[PDB]
$ cat protein.cif   # mmCIF, C-alpha atoms
data_query
loop_
_atom_site.label_atom_id
_atom_site.label_comp_id
_atom_site.auth_asym_id
_atom_site.auth_seq_id
_atom_site.Cartn_x
_atom_site.Cartn_y
_atom_site.Cartn_z
CA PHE A 1 -11.61 -1.50 34.48
CA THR A 2 -9.74 1.80 34.73
CA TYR A 3 -7.19 3.32 32.38
CA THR A 4 -4.98 6.17 33.41
CA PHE A 5 -4.21 8.33 30.46
CA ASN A 6 -0.95 10.18 29.87
CA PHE A 7 -1.59 13.76 28.74
CA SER A 8 0.84 16.58 29.42
CA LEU A 9 -0.02 20.04 30.65
CA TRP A 10 0.54 21.16 27.07
CA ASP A 11 -2.07 18.66 25.92
CA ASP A 12 -4.60 19.81 28.50
CA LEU A 13 -4.17 23.49 27.58
CA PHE A 14 -3.70 23.46 23.85
CA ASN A 15 -4.96 20.02 22.72
CA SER A 16 -8.03 19.89 24.95
CA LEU A 17 -10.34 16.93 24.40
CA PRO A 18 -13.88 17.38 23.16
CA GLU A 19 -16.34 17.06 26.03
CA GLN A 20 -17.26 13.41 25.44
CA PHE A 21 -13.63 12.27 25.30
CA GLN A 22 -12.78 14.37 28.34
CA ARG A 23 -15.61 12.64 30.14
CA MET A 24 -14.20 9.20 29.25
CA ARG A 25 -10.75 10.27 30.41
CA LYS A 26 -12.07 11.61 33.73
CA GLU A 27 -14.91 9.18 34.58
CA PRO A 28 -14.15 5.44 34.49
CA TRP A 29 -17.82 4.42 34.46
CA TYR A 30 -18.31 6.48 31.27
CA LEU A 31 -15.18 5.07 29.64
CA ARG A 32 -16.66 1.65 30.35
CA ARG A 33 -20.17 2.56 29.16
CA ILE A 34 -18.83 3.82 25.84
CA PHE A 35 -16.37 0.96 25.37
CA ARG A 36 -19.15 -1.55 26.06
CA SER A 37 -21.40 0.04 23.46
CA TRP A 38 -18.59 0.24 20.93
CA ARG A 39 -17.75 -3.44 21.49
CA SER A 40 -21.44 -4.38 21.01
CA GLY A 41 -21.81 -2.47 17.77
CA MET A 42 -18.83 -4.18 16.10
CA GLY A 43 -17.34 -0.83 15.12
CA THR A 44 -14.02 -0.90 13.27
CA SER A 45 -10.73 0.66 14.29
CA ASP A 46 -10.49 2.73 11.11
CA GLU A 47 -13.99 4.11 11.65
CA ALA A 48 -13.08 5.05 15.22
CA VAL A 49 -9.88 6.74 14.10
CA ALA A 50 -11.69 8.59 11.30
CA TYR A 51 -14.22 9.86 13.81
CA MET A 52 -11.64 10.95 16.37
CA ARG A 53 -9.64 12.80 13.67
CA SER A 54 -12.81 14.62 12.58
CA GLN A 55 -13.34 15.65 16.23
CA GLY A 56 -9.87 17.19 16.24
CA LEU A 57 -8.10 14.68 18.50
CA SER A 58 -4.31 14.58 18.39
CA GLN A 59 -2.63 11.36 17.18
CA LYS A 60 -1.37 11.01 20.77
CA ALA A 61 -4.96 11.06 22.05
CA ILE A 62 -6.11 8.64 19.36
CA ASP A 63 -3.31 6.24 20.31
CA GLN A 64 -4.22 6.38 23.98
CA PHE A 65 -7.94 5.80 23.40
CA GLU A 66 -7.15 2.88 21.09
CA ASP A 67 -4.77 1.50 23.74
CA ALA A 68 -7.40 1.92 26.46
CA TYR A 69 -9.92 0.02 24.33
CA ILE A 70 -7.48 -2.82 23.69
CA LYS A 71 -6.83 -3.16 27.41
CA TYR A 72 -10.57 -2.96 28.06
CA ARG A 73 -11.35 -5.92 25.72
CA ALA A 74 -8.76 -8.01 27.52
CA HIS A 75 -10.20 -6.97 30.88
CA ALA B 1 0.17 17.41 7.71
CA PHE B 2 -1.12 14.70 5.38
CA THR B 3 -3.15 11.90 6.93
CA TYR B 4 -5.12 9.10 5.30
CA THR B 5 -7.74 7.09 7.09
CA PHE B 6 -7.86 3.61 5.73
CA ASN B 7 -10.98 1.55 5.41
CA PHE B 8 -10.32 -1.98 6.67
CA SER B 9 -13.04 -4.17 8.16
CA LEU B 10 -12.90 -6.27 11.28
CA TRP B 11 -12.59 -9.27 8.96
CA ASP B 12 -9.55 -7.61 7.36
CA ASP B 13 -7.93 -6.90 10.71
CA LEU B 14 -8.43 -10.48 11.90
CA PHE B 15 -7.82 -12.60 8.83
CA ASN B 16 -6.03 -10.27 6.41
CA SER B 17 -3.70 -8.58 8.94
CA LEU B 18 -1.06 -6.28 7.48
CA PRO B 19 2.65 -7.00 7.73
CA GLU B 20 4.24 -4.92 10.47
CA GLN B 21 5.64 -2.19 8.23
CA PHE B 22 2.28 -1.74 6.51
CA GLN B 23 0.41 -1.79 9.83
CA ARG B 24 2.77 0.90 11.03
CA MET B 25 2.00 3.13 8.01
CA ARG B 26 -1.71 2.53 8.62
CA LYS B 27 -1.53 3.49 12.30
CA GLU B 28 1.18 6.20 12.37
CA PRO B 29 0.78 9.16 10.01
CA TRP B 30 4.39 10.31 10.43
CA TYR B 31 5.55 6.87 9.26
CA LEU B 32 3.16 6.86 6.29
CA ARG B 33 4.67 10.21 5.36
CA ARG B 34 8.26 9.07 5.88
CA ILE B 35 7.79 6.06 3.59
CA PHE B 36 5.84 7.96 0.93
CA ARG B 37 8.46 10.70 0.78
CA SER B 38 11.22 8.10 0.38
CA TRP B 39 9.20 6.26 -2.24
CA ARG B 40 8.55 9.51 -4.12
CA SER B 41 12.28 10.38 -4.03
CA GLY B 42 13.33 6.99 -5.34
CA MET B 43 11.08 7.21 -8.39
CA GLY B 44 9.84 3.66 -7.83
CA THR B 45 7.06 2.55 -10.16
CA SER B 46 3.49 1.59 -9.43
CA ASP B 47 3.91 -1.93 -10.81
CA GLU B 48 7.00 -2.42 -8.66
CA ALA B 49 5.10 -1.32 -5.55
CA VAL B 50 2.20 -3.64 -6.40
CA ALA B 51 4.53 -6.57 -7.09
CA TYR B 52 6.14 -6.02 -3.70
CA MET B 53 2.85 -5.69 -1.82
CA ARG B 54 1.59 -8.89 -3.46
CA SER B 55 4.75 -10.73 -2.43
CA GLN B 56 4.12 -9.50 1.11
CA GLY B 57 0.67 -11.07 1.07
CA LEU B 58 -1.41 -7.89 0.97
CA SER B 59 -4.97 -8.23 -0.25
CA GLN B 60 -6.00 -6.36 -3.39
CA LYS B 61 -8.15 -4.18 -1.12
CA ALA B 62 -5.05 -3.23 0.89
CA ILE B 63 -3.02 -2.61 -2.25
CA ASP B 64 -5.76 -0.34 -3.61
CA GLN B 65 -5.91 1.69 -0.41
CA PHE B 66 -2.15 2.22 -0.18
CA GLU B 67 -2.02 3.23 -3.84
CA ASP B 68 -4.90 5.63 -3.17
CA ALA B 69 -3.12 7.01 -0.09
CA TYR B 70 -0.01 7.64 -2.18
CA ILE B 71 -1.95 9.43 -4.92
CA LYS B 72 -3.60 11.69 -2.35
CA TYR B 73 -0.23 12.19 -0.65
CA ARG B 74 1.38 13.32 -3.92
CA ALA B 75 -1.37 15.91 -4.42
CA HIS B 76 -1.03 17.10 -0.82
#
$ encode --input "protein.cif" --output "structure tokens"
Amino acid sequence: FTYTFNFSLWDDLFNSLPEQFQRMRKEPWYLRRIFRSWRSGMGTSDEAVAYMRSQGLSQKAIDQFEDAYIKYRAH
Amino acid sequence: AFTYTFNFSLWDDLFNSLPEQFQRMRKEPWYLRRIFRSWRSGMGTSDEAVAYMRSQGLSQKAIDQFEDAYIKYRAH
């Protein structure tokens, strides 16, 4: 499974992802590792969103990571 | 800009899923804000909001969290 994200140059400069999210965006094996753990632990969407907001992710970023996870479950 | 993170469980998301317009408010902060600002302008009452949410099949847990979100929105 691979997901290609959709961040603009503006995003990359001024909304830069925290290191662990950047690593998921850039390294498919890590995206998969994290998604697999998340799926195992039965974590909820609202908990995920609350965490990402606390880490300073944009709503755009949150939407894309939620989308990637949805596509990952199906895959 | 005001944001509220809801607290629904996996059980809620599967078996108590929100109607589309409520799901949208839950997932999209700009839409939560749009609706709350319109609600605030229209001077609708709490019992009217609850009556509507009940008719839409929202759980009491959902109703409580949207009421809470609105209270926090008004303060913010």
$ atom_distance --input "protein.cif" --atom1 "CA of residue 59 in chain A" --atom2 "CA of residue 63 in chain B"
23.9 Å
$ interface_residues --input "protein.cif" --of "chain A" --to "chain B" --cutoff "12 Å" --atoms "only C-alpha atoms" --output "list in words"
residues 39, 41, 42, 43, 44, 45, 46, 47, 48, 49, 50, 51, 52, 53, 54, 58, 59, 60, 62, 63 and 66 of chain A
$ residues_around --input "protein.cif" --residues "residue 67 in chain B" --least-positions-apart "3" --cutoff "9 Å" --atoms "all atoms listed in the file" --output "short mmCIF file (atom, residue, chain, number, x, y, z; two decimals) with C-alpha atoms, in the frame of the given file"
data_model
loop_
_atom_site.label_atom_id
_atom_site.label_comp_id
_atom_site.auth_asym_id
_atom_site.auth_seq_id
_atom_site.Cartn_x
_atom_site.Cartn_y
_atom_site.Cartn_z
CA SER B 46 3.49 1.59 -9.43
CA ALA B 49 5.10 -1.32 -5.55
CA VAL B 50 2.20 -3.64 -6.40
CA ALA B 62 -5.05 -3.23 0.89
CA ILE B 63 -3.02 -2.61 -2.25
CA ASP B 64 -5.76 -0.34 -3.61
CA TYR B 70 -0.01 7.64 -2.18
CA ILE B 71 -1.95 9.43 -4.92
CA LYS B 72 -3.60 11.69 -2.35
#
$ residues_around --input "protein.cif" --residues "residue 1 in chain A" --least-positions-apart "3" --cutoff "12 Å" --atoms "all atoms listed in the file" --output "JSON, numbers by chain"
{"A": [4, 27, 28, 29, 30, 31, 32, 33, 35, 36, 68, 69, 70, 71, 72, 73, 74, 75]}
$ axis_aligned_box --input "protein.cif" --around "range 70-73 of chain A" --padding-each-side "4 Å" --output "JSON"
{"center_x": -9.1, "center_y": -4.4, "center_z": 25.9, "size_x": 12.5, "size_y": 11.1, "size_z": 12.4}
$ atom_distance --input "protein.cif" --atom1 "CA of residue 36 in chain B" --atom2 "CA of residue 67 in chain A"
26.0 Å
$ residues_around --input "protein.cif" --residues "residue 19 in chain B" --least-positions-apart "4" --cutoff "8 Å" --atoms "only C-alpha atoms" --output "VMD selection string"
chain B and resid 23 56 58
$ write_last_selection --input "protein.cif" --atoms "C-alpha atoms" --output "CSV table (one decimal), keeping the file's coordinate frame"
chain,number,residue,atom,x,y,z
B,23,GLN,CA,0.4,-1.8,9.8
B,56,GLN,CA,4.1,-9.5,1.1
B,58,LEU,CA,-1.4,-7.9,1.0
$ closest_residue --input "protein.cif" --among "A:6, A:23, A:18, A:37" --to "residue 64 in chain A" --atoms "all atoms listed in the file"
A:6
$ atom_distance --input "protein.cif" --atom1 "CA of residue 53 in chain B" --atom2 "CA of residue 74 in chain B"
19.2 Å
$ build_atoms --input "protein.cif" --residues "range 39-55 of chain B" --atoms "N, CA, C and O atoms" --output "mmCIF file, in the coordinates of the input"
data_model
loop_
_atom_site.group_PDB
_atom_site.id
_atom_site.type_symbol
_atom_site.label_atom_id
_atom_site.label_comp_id
_atom_site.auth_asym_id
_atom_site.auth_seq_id
_atom_site.Cartn_x
_atom_site.Cartn_y
_atom_site.Cartn_z
ATOM 1 N N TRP B 39 9.683 6.859 -1.009
ATOM 2 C CA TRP B 39 9.200 6.260 -2.240
ATOM 3 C C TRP B 39 9.176 7.273 -3.375
ATOM 4 O O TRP B 39 9.651 6.993 -4.477
ATOM 5 N N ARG B 40 8.608 8.447 -3.109
ATOM 6 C CA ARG B 40 8.550 9.510 -4.120
ATOM 7 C C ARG B 40 9.941 9.911 -4.613
ATOM 8 O O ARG B 40 10.135 10.123 -5.817
ATOM 9 N N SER B 41 10.893 10.012 -3.688
ATOM 10 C CA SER B 41 12.280 10.380 -4.030
ATOM 11 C C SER B 41 12.952 9.344 -4.912
ATOM 12 O O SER B 41 13.735 9.690 -5.791
ATOM 13 N N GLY B 42 12.651 8.073 -4.668
ATOM 14 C CA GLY B 42 13.330 6.990 -5.340
ATOM 15 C C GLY B 42 12.770 6.665 -6.701
ATOM 16 O O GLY B 42 13.293 5.796 -7.391
ATOM 17 N N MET B 43 11.704 7.362 -7.077
ATOM 18 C CA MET B 43 11.080 7.210 -8.390
ATOM 19 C C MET B 43 10.689 5.764 -8.697
ATOM 20 O O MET B 43 10.736 5.326 -9.851
ATOM 21 N N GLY B 44 10.308 5.029 -7.658
ATOM 22 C CA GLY B 44 9.840 3.660 -7.830
ATOM 23 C C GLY B 44 8.548 3.669 -8.617
ATOM 24 O O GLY B 44 7.801 4.645 -8.555
ATOM 25 N N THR B 45 8.274 2.594 -9.354
ATOM 26 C CA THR B 45 7.060 2.550 -10.160
ATOM 27 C C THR B 45 5.878 1.874 -9.474
ATOM 28 O O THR B 45 6.027 1.093 -8.540
ATOM 29 N N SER B 46 4.692 2.169 -9.975
ATOM 30 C CA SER B 46 3.490 1.590 -9.430
ATOM 31 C C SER B 46 3.472 0.068 -9.528
ATOM 32 O O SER B 46 3.034 -0.601 -8.605
ATOM 33 N N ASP B 47 3.919 -0.485 -10.652
ATOM 34 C CA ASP B 47 3.910 -1.930 -10.810
ATOM 35 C C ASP B 47 4.923 -2.592 -9.880
ATOM 36 O O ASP B 47 4.733 -3.715 -9.438
ATOM 37 N N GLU B 48 6.009 -1.890 -9.591
ATOM 38 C CA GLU B 48 7.000 -2.420 -8.660
ATOM 39 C C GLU B 48 6.430 -2.436 -7.242
ATOM 40 O O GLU B 48 6.606 -3.412 -6.501
ATOM 41 N N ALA B 49 5.748 -1.362 -6.867
ATOM 42 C CA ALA B 49 5.100 -1.320 -5.550
ATOM 43 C C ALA B 49 4.050 -2.437 -5.401
ATOM 44 O O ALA B 49 3.971 -3.098 -4.356
ATOM 45 N N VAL B 50 3.260 -2.655 -6.455
ATOM 46 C CA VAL B 50 2.200 -3.640 -6.400
ATOM 47 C C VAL B 50 2.799 -5.048 -6.316
ATOM 48 O O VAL B 50 2.330 -5.890 -5.544
ATOM 49 N N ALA B 51 3.840 -5.288 -7.114
ATOM 50 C CA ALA B 51 4.530 -6.570 -7.090
ATOM 51 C C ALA B 51 5.067 -6.860 -5.695
ATOM 52 O O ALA B 51 4.961 -7.980 -5.197
ATOM 53 N N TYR B 52 5.625 -5.843 -5.053
ATOM 54 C CA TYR B 52 6.140 -6.020 -3.700
ATOM 55 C C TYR B 52 5.017 -6.298 -2.705
ATOM 56 O O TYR B 52 5.101 -7.222 -1.895
ATOM 57 N N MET B 53 3.956 -5.496 -2.763
ATOM 58 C CA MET B 53 2.850 -5.690 -1.820
ATOM 59 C C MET B 53 2.210 -7.078 -1.967
ATOM 60 O O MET B 53 1.831 -7.696 -0.980
ATOM 61 N N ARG B 54 2.106 -7.556 -3.207
ATOM 62 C CA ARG B 54 1.590 -8.890 -3.460
ATOM 63 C C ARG B 54 2.493 -9.953 -2.835
ATOM 64 O O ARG B 54 2.009 -10.910 -2.233
ATOM 65 N N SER B 55 3.798 -9.760 -2.947
ATOM 66 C CA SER B 55 4.750 -10.730 -2.430
ATOM 67 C C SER B 55 4.699 -10.725 -0.905
ATOM 68 O O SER B 55 5.098 -11.692 -0.266
#
